[PDB]
Each structure stands twice: as C-alpha cells, then as structure tokens.
Amino acid sequence: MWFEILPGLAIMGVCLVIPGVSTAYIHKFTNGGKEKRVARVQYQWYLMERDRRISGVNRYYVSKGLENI
Amino acid sequence: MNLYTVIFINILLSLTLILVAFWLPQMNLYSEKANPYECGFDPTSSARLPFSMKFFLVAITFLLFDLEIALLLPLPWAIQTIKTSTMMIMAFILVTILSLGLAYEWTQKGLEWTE
Amino acid sequence: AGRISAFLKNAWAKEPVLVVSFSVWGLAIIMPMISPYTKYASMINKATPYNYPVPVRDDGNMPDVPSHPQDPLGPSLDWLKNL
Amino acid sequence: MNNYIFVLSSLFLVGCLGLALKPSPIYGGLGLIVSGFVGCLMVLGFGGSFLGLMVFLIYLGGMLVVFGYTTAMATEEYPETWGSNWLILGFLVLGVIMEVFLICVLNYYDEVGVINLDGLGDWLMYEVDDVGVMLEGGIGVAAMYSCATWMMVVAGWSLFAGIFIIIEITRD
Amino acid sequence: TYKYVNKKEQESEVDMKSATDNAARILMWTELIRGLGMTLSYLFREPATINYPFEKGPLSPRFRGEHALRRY
Amino acid sequence: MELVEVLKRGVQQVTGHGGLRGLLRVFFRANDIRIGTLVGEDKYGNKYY
Amino acid sequence: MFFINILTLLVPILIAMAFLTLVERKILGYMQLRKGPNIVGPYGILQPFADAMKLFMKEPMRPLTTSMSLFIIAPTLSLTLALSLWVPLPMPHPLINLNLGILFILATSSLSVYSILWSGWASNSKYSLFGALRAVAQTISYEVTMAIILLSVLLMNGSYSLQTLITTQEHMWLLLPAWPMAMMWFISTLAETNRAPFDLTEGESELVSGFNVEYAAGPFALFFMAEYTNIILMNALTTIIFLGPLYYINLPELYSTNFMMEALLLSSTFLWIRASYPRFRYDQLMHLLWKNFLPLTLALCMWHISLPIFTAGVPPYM
Amino acid sequence: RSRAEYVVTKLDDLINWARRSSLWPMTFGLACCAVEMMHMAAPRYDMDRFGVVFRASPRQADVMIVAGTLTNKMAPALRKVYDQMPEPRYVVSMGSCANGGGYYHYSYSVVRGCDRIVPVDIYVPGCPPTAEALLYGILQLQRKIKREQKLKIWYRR
Amino acid sequence: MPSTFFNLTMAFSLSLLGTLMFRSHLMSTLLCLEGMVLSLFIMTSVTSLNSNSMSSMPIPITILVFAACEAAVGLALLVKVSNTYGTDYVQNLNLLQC
Ligand SMILES: CCCCCCCCCCCCO[C@@H]1O[C@H](CO)[C@@H](O[C@H]2O[C@H](CO)[C@@H](O)[C@H](O)[C@H]2O)[C@H](O)[C@H]1O
Ligand SMILES: CCCCCCCCCCCCO[C@@H]1O[C@H](CO)[C@@H](O[C@H]2O[C@H](CO)[C@@H](O)[C@H](O)[C@H]2O)[C@H](O)[C@H]1O
Ligand SMILES: CCCCCCCCCCCCO[C@@H]1O[C@H](CO)[C@@H](O[C@H]2O[C@H](CO)[C@@H](O)[C@H](O)[C@H]2O)[C@H](O)[C@H]1O
Ligand code: SF4
C-alpha cells in the first residue's frame with residue numbers, strides 16, 4: 001500500500017531538517033548565544049571589529065553595556 | 001577561510017571515494033573487457049572523428065545572448081538610482097533590441113537545425 | 001478593423017505565448033506613464049541616506065537650512081511615512 | 001595568506017602557458033576554464049565580487065560552445081595533450097623554470113620593483129573606506145544604466161549587430 | 001465497415017471563448033495535468049504484486065511442467 | 001473517522017502474531033504481517049493460510 | 001565547531017540523497033501498480049546501502065581508448081560541485097553566508113555540465129560522445145532563460161543574497177506575484193538536472209546510457225550520487241525562492257521543518273513527473289526554451305523592471 | 001578457528017549480502033523467453049522489489065540473463081557484452097534454447113547451448129519458463145551468491 | 001599589486017605569443033585570443049578595484065561584450081573554413097598567394 005512509501009520519506013524528512021537546525025544551534029553556541037553577525041557591507045564589518053577590540057577578550061560577540069562606562 | 005575549508009572537504013571526500021573504488025575491488029584486466037562498447041559489435045571507426053553540429057548557429061547565438069544577460073544582471077543595483085527614467089529607458093531598450101534580434105533570427109530560420 | 005480581429009483571435013488560439021509576450025511588453029511600457037505612483041520611486045531612492053549629510057557653515061544668510069535635525073526646516077518625509 | 005594572491009597570479013600564468021602551447025582545443029578549452037576560475041579568485045581577492053563571478057560565468061558558457069565546435073570541426077584521430085609531444089612537454093617544463101628564474105632574478109636586481117617577495121601581502125589593498133555602505137563592484141557596473149549610458153548603447157548595438165553578422169557569415 | 005481515427009477536420013470558426021479555452025490549455029498545461037492525475041490515481045491503488053514465494057501465481061490442472069513416469 | 005477503523009486493523013495485524021517475537025519472525029522472514037485463517041500445517045512445519 | 005557544522009550538513013544531505021533513490025523506486029513502483037523494494041531491510045530501507053556497497057565492491061572500468069585524466073576527474077568534479085551547491089543555502093541560516101549567493105549557484109551549476117562533457121568525451125566511445133553533445137545542446141536550451149527568470153524575481157528581492165529572500169517573503173510566497181516565472185523556473189530545473197522528460201544526456205532507450213555508458217562500479221556511483229543530490233538542491237532552491245517557509249526570529253527550527261516539507265514535496269513531483277510523460281526530442285527541448293520560454297521570459301523581465309517603478313515598490317538595497 | 005577467522009566470515013556475509021540484494025541484469029533478451037522476462041518485471045512479480053533492476057550498459061550490469069535462442073551470428077556479440085561486464089558477474093541461462101538449443105538444437109545456424117560461449121550459473125528449464133520459474137532461478141542465484149566464500153578462502157591461502 | 005600586475009602582463013604576453021606562433025588548428029589560435037581577453041579583463045578589473053575607481057567598472061564588462069562578438073565571428077568563420085576543406089587547418093588557407 002502507498003503508505004509503505006513513508007518510512008523512506010520520514011528518513012528523508014529527518015535528514016533534511018538536521019542541516020538547518022544544526023547550523024542555527026552551532027551558530028548560537030559559537031557566537032555567545034546570539035545569531036552569527038552578518039557583515040554584508042564594510043560598515044557592518046567595522047562594527048564587528050570595534051566590538052572585538054572593546055570586548056577585552058578579542059571576541060566581537062562579548063558585548064559591553066553601560067556597566068563599562 | 002570557511003568557504004575554502006568546506007570546498008576542500010568536498011574535494012577531499014570525492015577523491016577518497018575514487019581511491020576506494022579503484023583499490024578495494026578485485027580486478028581482472030584483459031583486452032576484450034576494456035575495448036569500447038558498441039552493442040556487442042566492434043566500432044567501425046574512432047569516436048574521435050568529426051561529429052556534425054546541426055545547431056551550430058543557435059550555439060553561437062547563445063554566446064551573444066549570454067553577454068546580454070551579463071548586461072542585465074546589474075539591474076538590482078541599477079533600480080536604486082535617482083535617475084529612474086533613464087535606467088528604465090535603458091533597460092527597456094536593451095530588452096527590446098534583444099527581442100528584435102531573436103525575432104529576426106527566428107524569421108530567418110536561424111533556430112531551425114540544419115539537415 | 002474586422003480583418004485584424006479575426007487575425008488576433010486566431011493568434012490567441014494558436015500562438016497564445018507570443019500574444020502574451022507582446023501584450024506584457026506593451027503593458028510594461030504603458031504602465032509607468034499612466035501610474036500615479038511612478039513619481040515616488042525616484043523620490044524614495046533620493047531619500048535613502050547612504051552618505052553622511054555634511055553640515056554647512058552658517059554664514060547668517062541661511063533662513064531655509066535647519067540648525068537642528070528636529071527643526072521644522074528642511075526636507076520632510078511625511079509623504080513616504082503615509083505612502 | 002600573504003602569498004595568496006601571488007600564488008593565484010602564478011597559477012594564472014601557468015594556465016596561459018598551457019593555452020599558448022595549443023594542445024587539442026579540448027584541453028585548451030579546459031585550460032581557459034581553470035584560468036577563468038583562477039582569474040575570478042584574483043578579482044575576488046582584490047575586493048571584487050560581481051566582476052569575478054561574471055567573467056567565470058561568461059567563460060563557462062563560452063567554452064561550452066567551443067567544446068561543441070571542437071568535436072565537429074577541430075578534432076583529429078589522436079588529440080594532443082601537453083604530454084603527448086616531447087617538444088611541447090619540454091617547453092612547458094622550460095617555461096615554468098623560466099618563470100621561477102625570471103621572478104628570482106628580478107627580485108635580486110630591484111627587490112621592490114616589479115617583484116618584491118619580501119613585501120608580498122603588504123601591498124594588496126591600499127585604501128578601504130572602513131565605514132562605507134555602497135561600495136561593491138556591482139554598483140559601479142550598474143552606472144551603465146544611469147551615468148554611463150553611452151557604454152551600454154555601444155555594447156547593446158554590438159550584440160544586436162552581431163546577430164545579423166553571424167547569420168550572414170553562416171548562410172551558404 | 002470502417003471508421004476514421006484522426007479525421008476531425010471539420011474546420012470551423014473560432015470564438016473568443018474557444019480561443020481562450022485553447023489558450024488556457026496551451027499556457028496552463030491542462031492535458032499534462034490530466035496525465036499526472038492518472039498516475040496519482042494509481043499511487044493510491046492497491047498494487048497487484050504477490051508475495052512470491054509465500055504466494056504463487058494461479059495455475060490450472062492442464063499446466064505443462066516437469067515430466068514424470070507414472071505407475072498403476 | 002474511517003481512519004480510526006484502518007489503524008485498528010493495523011493493531012490487530014501487529015499484535016496478532018504471538019507477541020513481539022512472533023511479529024518480528026514473520027515480518028523479517030516473509031515481509032508481510034497480514035493475519036489469515038490457518039488452513040493447515042504439513043508434516044514439515046509449513047503453515048497454510 | 002565549523003568542522004562539526006560541515007558534517008551536520010554533508011552527512012544528512014548524503015543520507016537524504018541515498019533514500020531519495022529508495023523513495024523514487026517506491027513512488028514509481030506504486031504508480032505502476034507495483035510495490036518497489038520491500039525485502040532489503042524493512043520496507044526496503046536498506047536497499048540504498050546495498051546498492052552503494054555493491055557498486056564500490058565492483059571492478060571499475062579502465063577502457064583502452066579512454067583519456068584517463070579527464071575520465072577520473074569528471075565524476076570527482078560531479079560530486080564536489082553537487083555538495084558545494086548546499087553550503088550557501090539558508091535553512092534559515094547558511095553554512096556560508098554569500099553576498100551574491102544566487103550568482104554563486106549559477107556559476108557552480110554551470111561548471112557542473114563539464115563533468116558530463118568531459119566524461120563523455122574522455123570515454124572515447126560513440127554513445128558517450130552522443131551524450132556529451134546532448135549536454136551541450138541542453139545547456140544552450142535552458143541556460144538562456146534561467147538567469148533572466150531569476151533576474152526578474154530578484155527585482156522584488158533587491159539583491160542576489162539568498163538570505164534576503166526569507167525577508168522578502170515574510171508576508172507572502174513569491175509564488176503569488178511570480179507564478180508565471182515559477183512555472184518556467186520549474187521546467188528549467190528539470191532540464192538543469194537532466195531529469196525526465198528531459199533526461200537526454202543519459203536517455204537509455206536511445207543512447208544505451210549516453211555520457212556514462214563506459215562507467216562502472218564506484219566511479220559510476222559518483223555520477224548517480226551527484227544527480228540525486230542536485231535534484232534535492234534545485235527543489236530546495238525553488239522552495240526558498242518561491243515558497244518562502246515561515247520564518248520567526250525566535251523559532252528558526254520552524255523554518256527548517258517547513259522548508260523540508262515543501263522541499264520533500266517538490267522532490268516528489270520530480271519523481272511523479274518521470275512516471276507520467278514521454279521524453280522530449282533534444283531538438284524539441286531547444287525549441288521549447290527558445291521559442292516559448294524566452295519570449296515570455298523577456299516580456300516578463302521588462303514587466304518586472306516596470307512594476308517596482310510604477311508602483312513605487314523598489315526593494316531596499318540592504 | 002579464531003576471532004580473525006570469525007571476522008573474515010562475517011565480512012564474507014556482508015559483501016555477499018550486498019551483491020545478493022542489488023543484482024542488476026543487462027537489458028538483454030533474444031527471443032520469446034524475453035517476453036516472460038518482461039512479465040517478471042511486470043507488477044504481479046515486480047522483480048524490482050527484490051532489488052533487481054535492468055541497466056542497458058554491460059559496464060553497469062551484474063547478471064546476464066540469456067533469454068532466448070543463441071544463433072551463430074549472435075554468438076560473438078553475446079560473448080562481447082559478457083566480457084564487458086565488470087566482475088563479479090553471473091550468467092543465467094533461461095529456457096531450452098539457451099539451455100541446450102531446444103527446438104532448434106539440430107539447426108545449422110544455432111549454438112547448442114549458450115554454455116558453449118559463456119559460463120552459466122543457473123539453468124532455468126522451460127520453453128519458456130514461466131515468469132515465476134525465472135524468478136525462482138533468480139532467487140537460486142541469490143542463494144548461490146550467499147554461499148560464496150572468497151574472503152575465507154583468501155584468508156586460508 | 002606590483003607582482004600581480006607583472007604576472008598578468010606576462011600572461012598576456014604568453015597568450016599573444018600563442019596567437020603569433022600558429023600550429024595547425026585555427027581553433028587553437030581562437031582560444032589564444034580569448035586568453036588575451038581574459039588577461040586584459042583581470043588587469044582592468046584589478047586596477048579599478050585598487051584605485052577605487054567605481055566609474056570605470058563598466059569598462060571591463062564592455063571588454064567582455066565585444067570579445068564575445070569577436071569570438072562569435074571567429075567561430076562563424078571557422079564553420080566556413082571547415083565546410084570548404086573538412087578541417088580547420090590553416091595550411092589550407094593559402095590560395096591567395098596567387
Ligand atoms: C525601439 C525600442 C523601443 C523600446 C524602448 C521604449 C522605451 C520607451 C519607454 C517609455 C516609457 C517611459 O516611461 C516613463 O517612466 C518614467 C519613470 O521611469 C515616468 O517618469 C515619472 O516618474 C519619475 C520617477 O521615476 C519622475 O521623476 C518623473 O518626473 C515622472 O515623469 C514617465 O512619466 C514615463 O513616461
Ligand atoms: C604555482 C605556484 C607558485 C608558487 C610560488 C612561490 C610561492 C611562495 C612565495 C615565496 C615568496 C616569498 O614569500 C615570503 O614573502 C614574505 C612576505 O610576505 C616574506 O616575509 C617574511 O620574510 C622576509 C625576510 O625574509 C621579511 O619580509 C619578513 O621577515 C617576513 O615578512 C617571507 O620571508 C617570504 O618567504
Ligand atoms: C550616431 C549614433 C549615435 C547616436 C545614438 C546615441 C545617442 C546618445 C544616447 C546616449 C546619451 C548619453 O547622454 C549623456 O548622458 C550623460 C550621462 O550618461 C550625461 O552626463 C551628465 O551627467 C553626468 C553624470 O555623471 C555628469 O557627470 C556629466 O557631467 C553630465 O553631462 C550627458 O550630459 C548626456 O549627454
Ligand atoms: S526456449 Fe522456447 S520460449 Fe524460450 S526462446 Fe526458445 S523457443 Fe522461445
């Protein structure tokens with residue numbers, strides 16, 4: 001019966017969700033719990049480099065608020 | 001760095017599969033096995049002789065049409081211009097002349113393959 | 001113009017793709033000329049500030065230039081906010 | 001990474017040497033594909049983006065037509081490769097040796113002139129507008145639609161006239 | 001007696017209605033959609049496959065198979 | 001609603017072969033888990049349904 | 001961590017490819033009133049692994065007339081490029097974030113034809129040369145309109161960035177305003193993947209096996225792995241461009257689940273199409289693209305230049 | 001025996017299972033016997049559910065099913081395509097003609113059994129054998145492949 | 001920049017040397033012309049990027065447009081040569097010595 005096609009489909013379906021989900025989680029793990037920063041233009045890269053320089057630990061994603069001034 | 005890293009891994013994975021495929025199996029080389037296939041009979045000539053191209057005119061038309069799209073692919077940046085009327089006329093004229101070129105070749109039977 | 005109408009009708013039945021292509025091409029030219037929103041597309045591209053707006057030295061003869069960004073002088077963007 | 005662009009321009013040089021030796025156009029076509037890819041990387045390396053991807057895309061299309069034309073009109077029973085003829089192979093090896101020699105000697109005489117092996121990587125990017133937004137090469141190319149429309153008029157005319165030209169050349 | 005398999009050439013005039021129906025058929029691939037409908041309808045049909053060798057194809061007493069020599 | 005009828009027949013097929021081991025035996029030996037009437041068994045152990 | 005992320009892309013995609021070979025054979029079977037694989041594993045779920053192990057344990061061909069460097073390179077290039085097409089795909093966040101990701105796809109996909117061209121030429125047999133020259137014709141047919149179709153769509157996106165397509169479709173599928181281009185795009189991806197009814201470079205009823213006819217064993221498997229990986233890729237691309245999966249900044253996995261469902265469905269229609277139609281003649285594919293798609297594609301490109309200007313709907317640069 | 005011999009034996013099973021489970025016959029049929037081969041692929045028997053898939057290229061085939069009469073004019077061509085199958089390869093002789101010449105055994109133009117031209121693994125009798133009889137022979141080839149001991153024999157050399 | 005532009009000029013010189021030193025196939029020479037075009041494209045593109053000359057980036061694209069027209073005509077001519085003689089060899093193209 002047609003529903004016997006589904007075991008292969010479910011395996012396909014699981015395999016096609018892992019890349020999207022794994023990339024989203026690995027980004028947050030490696031970017032301080034936030035989305036990985038996107039630098040489309042030079043201005044955005046400049047902000048990341050400034051964030052890295054003021055972080056104290058050479059990581060752009062470690063943010064400094066008003067407690068730092 | 002990341003794009004270089006993943007593409008090298010892609011190259012690395014493909015080459016490893018090739019090495020496995022060539023060194024794992026048992027081999028048995030002899031002349032009749034390695035002769036070129038042609039449905040059980042021997043070829044009467046080389047496969048390296050000229051093979052006529054009946055769509056040769058479409059093929060070199062494709063060369064010109066491929067530079068036409070190269071002129072069109074800046075359009076996403078061009079629509080940001082203040083000079084909207086100029087951009088629009090240039091894009092309209094460009095598409096129209098390409099259409100007229102296709103229309104002429106079509107009516108000259110340039111898209112028909114040679115016999 | 002009954003001869004063309006039979007022509008166009010046959011072309012519609014037999015070569016619909018080409019009829020649609022020519023109609024779409026003609027509509028694309030016509031629409032910017034008759035649309036009331038065509039003027040705004042250039043104005044929106046003009047209001048996008050990709051560059052720093054360099055201030056001007058005040059010489060005492062600039063009644064039209066704002067002294068602060070929240071002065072009521074200078075170009076307003078209310079038209080776009082309510083577009 | 002300080003040798004990255006020199007390595008690429010060095011690979012590009014070898015590709016043109018291979019093309020210049022003119023093996024069968026099958027391998028000539030392959031040589032241009034690799035050189036086109038290496039050329040795309042160099043444009044990228046200097047901060048390009050659109051121009052590098054364009055030239056590779058255009059040459060990918062161009063060599064596919066040349067492949068088709070080669071199998072019909074430029075083929076022999078035994079197509080030549082770079083290794084097939086000892087004479088072509090020797091000038092391939094000698095050409096590569098003369099490249100190493102030419103770069104080595106020029107480095108010695110000037111040290112900072114055409115070749116500056118001590119300073120590789122220090123003089124790739126000169127100035128960069130650090131906080132800019134509208135800077136990518138596609139913006140520059142797009143000026144054909146607004147500020148450099150004459151460039152697009154002549155380009156468009158040549159493609160349009162090219163259709164009429166190739167139809168005339170090819171009719172019997 | 002004979003019949004024509006492909007003589008439907010009573011050429012007629014075309015209205016806007018029929019010309020548009022012809023236009024929709026060409027541009028929206030309608031007969032190609034009917035083909036997909038047919039194969040879709042088979043997807044949900046029970047397959048005719050039997051589970052050989054646990055199941056067997058039907059045979060009849062007349063079946064001609066392997067020879068034998070008989071006794072009284 | 002009719003789906004529930006179908007799923008119940010699936011439960012009968014899945015639990016009607018003598019526990020888990022009996023279901024695995026037939027499923028992996030015959031690739032089929034239908035339940036039928038036992039018509040008989042021959043002297044060699046073949047079972048007919 | 002970036003190396004772990006490469007694994008969690010490549011390995012699941014290669015398993016998805018392997019099981020698409022199973023799904024194809026079962027979907028085709030049931031549409032043909034058969035079952036398809038149901039013995040090798042439960043419901044046939046080990047059949048792909050058996051075929052893979054069989055092929056790599058088989059003697060690989062070393063034909064005498066063959067030019068061996070290109071013969072080996074072509075299947076290697078095929079799988080490399082198929083895997084590389086996945087790295088910029090945003091699901092919703094890509095492994096590699098590219099500014100011109102769409103142009104990367106076209107260039108990478110366009111280099112993929114050379115694996116067919118070189119393998120067919122390098123094999124140095126007549127049926128393989130026939131298959132290579134059909135690939136030349138195939139690319140000339142569809143590549144003329146595929147980039148213009150994409151161009152018109154991306155005048156509503158405003159960039160070549162794949163991630164921007166997610167935001168463009170925040171409130172509506174791009175299918176709705178672009179369904180005529182979506183239709184032409186869908187036919188183009190069938191031809192681009194050499195799938196039926198345009199399976200001409202292999203076309204087994206005519207050329208026995210076309211470009212790969214001299215290929216055996218593991219080298220043959222690479223072409224097959226590359227073809228099934230590309231089918232998933234092109235449909236996933238169609239999903240992101242026209243069928244914008246639902247995106248919420250705080251629920252990224254919702255995008256991934258919705259993306260997979262639509263991508264699975266679009267891959268199923270590829271197998272459904274194969275079961276339904278006869279093959280085109282390869283001169284007829286050229287006429288389909290150059291005398292039907294190309295006129296409409298050019299008109300619609302002009303219309304989609306015209307639209308944002310006269311509706312004041314130019315998308316943002318950033 | 002030893003743990004090295006046990007491991008070798010389990011590997012034989014694994015590689016044997018893979019070749020059992022993915023037998024790809026050549027698209028190759030000579031006469032009426034090929035019609036019954038079509039009926040084995042047809043829905044009732046659906047050979048593809050056992051993992052059996054026709055491929056037209058000898059380079060991509062594992063089994064040759066000699067399905068019909070083998071004439072003298074055809075014999076060199078059949079030998080050619082057999083030689084062009086990569087190994088491991090198997091031959092199934094199907095029907096009386098292929099088995100031994102059958103109804104045409106005494107003809108001037110007919111090869112009296114394809115096993116004068118190629119080695120044969122399974123002989124399927126009948127004229128034609130039914131689709132089911134052919135399927136039985138295919139399953140007998142699988143069990144033969146299940147008995148292969150190539151790695152065990154290599155280990156003991 | 002200094003060493004890259006030296007290598008690119010050498011790449012052009014080699015492609016020109018390829019053009020000037022014929023072998024047999026006319027098509028092999030047509031490929032050498034495309035090599036010179038490719039070298040000049042990169043040289044122009046890299047120069048525009050290194051000087052941040054965005055108003056000059058149309059020019060490299062126009063180089064490729066006319067090169068495509070040149071290559072299309074070259075191939076069109078090569079069809080004519082092949083039709084006459086059955087090859088693309090340049091030694092056949094010698095009727096105009098007298
Ligand atoms: C032989 C080839 C023929 C094919 C080429 C035909 C090209 C001719 C194009 C005609 C259409 C031009 O359409 C023209 O669009 C521009 C904007 O783009 C409109 O311009 C309008 O909006 C713009 C903003 O964009 C305002 O700044 C302007 O003041 C206002 O007029 C014009 O009102 C309309 O007339
Ligand atoms: C086809 C491939 C061709 C490969 C070509 C050769 C690639 C390798 C390039 C070698 C050229 C010089 O490469 C490298 O240049 C850098 C500048 O970046 C030098 O830089 C380093 O050493 C030199 C002094 O020795 C000083 O500049 C300094 O101490 C340090 O920066 C390296 O010492 C030199 O080894
Ligand atoms: C005989 C065949 C030739 C006839 C066919 C071609 C007709 C001409 C069509 C192209 C018209 C180009 O028209 C030309 O456009 C440019 C911008 O591109 C305008 O240029 C203007 O704006 C630019 C913007 O940067 C300023 O820098 C410049 O100083 C100013 O003149 C010219 O003032 C106008 O003359
Ligand atoms: S054995 Fe019988 S059925 Fe088979 S080919 Fe011969 S005559 Fe025909």
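Order of appearance sets the numbers: ligands from 1, and atoms from 1 within every ligand. Protein chains get the first letters and strands the later ones, always in sequence-line order, with residue 1 at the start of each. Atoms considered below: every heavy atom in the structure, side chains included; atoms not considered: hydrogens, waters and symmetry mates.
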Indicate whether any N or O donor in one side chain lies under 3.5 Å from an N or O acceptor in the other, for [X] and [Y].
| X | Y | answer |
| --- | --- | --- |
| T61(B) | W290(G) | no |
| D115(H) | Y123(H) | yes |
| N157(G) | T168(G) | yes |
| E132(H) | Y45(H) | yes |

(message) Does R112(H) qualify as a cation-pi partner of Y103(H), given the criterion of NZ or CZ under 6.0 Å from the six-membered ring centre and within 45 degrees of its axis?
(response)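 No cation-pi geometry.
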
(request) Please say whether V153(D) places an N or O atom under 3.5 Å from an N or O atom belonging to ligand 3. (result)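 No.
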
(request) Before accepting this row, confirm whether a basic side-chain N of the pair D62(H)/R89(H) lies closer than 4.0 Å to the acidic partner's carboxylate O. (result)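 Salt bridge between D62(H) and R89(H), a charged N being under 4.0 Å from a carboxylate O: no.
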
(request) Identify whether the distance between the nearest side-chain nitrogen and carboxylate oxygen of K80(H) and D83(H) falls below 4.0 Å. (result)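 No, no charged N to carboxylate O under 4.0 Å.
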
(request) Answer with yes or no whether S146(D) contacts ligand 3, where contact means a heavy atom under 4.0 Å from a ligand atom. (result)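 In this structure, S146(D) qualifies as a contact of ligand 3 - some heavy atom is under 4.0 Å.
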
(request) Going by heavy-atom distance to atom 32 (C) of ligand 1, choose the closest among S42(C), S306(G), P32(C). (result)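 Going through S42(C), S306(G), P32(C) one by one, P32(C) has the nearest heavy atom to atom 32 (C) of ligand 1.
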
(request) Report the member of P129(H), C97(H), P125(H), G126(H) with the shortest heavy-atom distance to atom 6 (Fe) of ligand 4. (result)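 Heavy atom nearest to atom 6 (Fe) of ligand 4 belongs to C97(H).
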
(request) Heavy-atom distances under 4.0 Å are what count here, so tell me which part of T38(C) touches ligand 1: side chain, backbone, both or neither. (result)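 Contact part for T38(C) vs ligand 1: both backbone and side chain.
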
(request) Please work out whether any backbone atom (N, CA, C, O) or any side-chain heavy atom from C-beta onward of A41(C) is under 4.0 Å from ligand 1, and answer side chain, backbone, both or neither. (result)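 Answer for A41(C): neither.
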
(request) Return yes when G102(H) approaches ligand 4 closer than 4.0 angstrom through a heavy atom, no otherwise. (result)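 Not so, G102(H) does not reach ligand 4.
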
(request) Using a cut-off of strictly less than 2.8 Å, determine whether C32(H) has an N/O/S atom near atom 2 (Fe) of ligand 4. (result)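 No, outside the cut-off.
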
(request) May I ask you to list the atoms of ligand 4 that are less than 4.0 angstrom from any heavy atom of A31(H)? (result)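 By the 4.0 Å cutoff, the relevant atoms are 5 (S).
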
(message) I need the atoms of ligand 3 closer than 4.0 Å to a non-hydrogen atom of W150(D), numbered in the order shown.
(response)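 Going through ligand 3 atom by atom, the ones under 4.0 Å from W150(D) are 6 (C).
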
(message) Need the ligand 3 atom indices (1-based, order shown) with element for anything under 4.0 Å from a heavy-atom of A148(D).
(response)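 The list of qualifying atoms is 18 (O).
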
(message) Taking the side chain as everything from C-beta on, heavy atoms only, tell me whether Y50(C) gets closer than 4.5 Å to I139(D).
(response)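 Not in contact.
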
